[PDB]
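K.L.:
Numbering (PDB author numbering), first residue to last: 116 to 250.
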């Protein structure tokens, strides 16, 4: 359920990425994957139903293996509703806000941000736009 947003020059501090769209009806998941070669530097994964609980799972994949998951229960998404995801890149973490409200922070595990060349956007959503700017 994939679209790739190329990031020429890679990820860099002050980069602000915005993803606008609408969650599909009866959604099961959404996923944003910042990729560095074969690795996934930052996986942002809202799960609409994990054992009857909503949860946002964040993680990193190195050497074909997922690491320690960071889980957040605050879940602002809703099936059939429009959403806005903003990811602000800082030197020490990815700062994520949904619908103009801070949601979570993910400390960098993959350190060479310049090598993170693209953001994969997938899941049960109708993607309107994916873009970025420098603040």
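A virtual CB, placed ideally from N, CA and C, is assigned to each residue, including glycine.
To which residues does DSSP link residue 148 through a beta bridge?
P.N.:
Looking at the DSSP assignment, residue 148 forms a beta bridge with 158, 235.
K.L.:
Just mark residue 226 as buried or exposed, buried being the case when its beta carbon has 16 or more other beta carbons within 10 Å.
P.N.:
Residue 226 comes out exposed.
K.L.:
Following the continuous beta strand (DSSP E) through residue 228, name the residue where it begins and the one where it ends.
P.N.:
Premise fails: residue 228 is in no beta strand (DSSP E) and is neither H nor E.
K.L.:
Please list the terminal residues of the continuous beta strand (DSSP E) segment that includes residue 242.
P.N.:
Run containing residue 242: 240-249, per the beta strand (DSSP E) assignment.
K.L.:
Among 230, 186, 141, 185, which one has its Cα closest to the Cα of residue 239?
P.N.:
For residue 239, the nearest C-alpha among the options comes from 141.
K.L.:
Taking residue 138 and residue 228 to be in contact with their CB atoms under 8 Å, please state how far apart those CB atoms are, rounded to whole angstroms.
P.N.:
With 8 Å as the limit, residue 138 and residue 228 do not qualify as a contact, their Cβ atoms being about 29 Å apart.
K.L.:
Compare the Cα-Cα distances from residue 143 to each of 151, 166, 122, 131 and report the closest residue.
P.N.:
Of the candidates 151, 166, 122, 131, the one whose C-alpha sits nearest the C-alpha of residue 143 is 166.
K.L.:
I want to know whether the region 182-197 touches the region 216-225 - three or more CB-CB distances under 8 Å.
P.N.:
With the cut-off at 8 Å, the region 182-197 and the region 216-225 touch.
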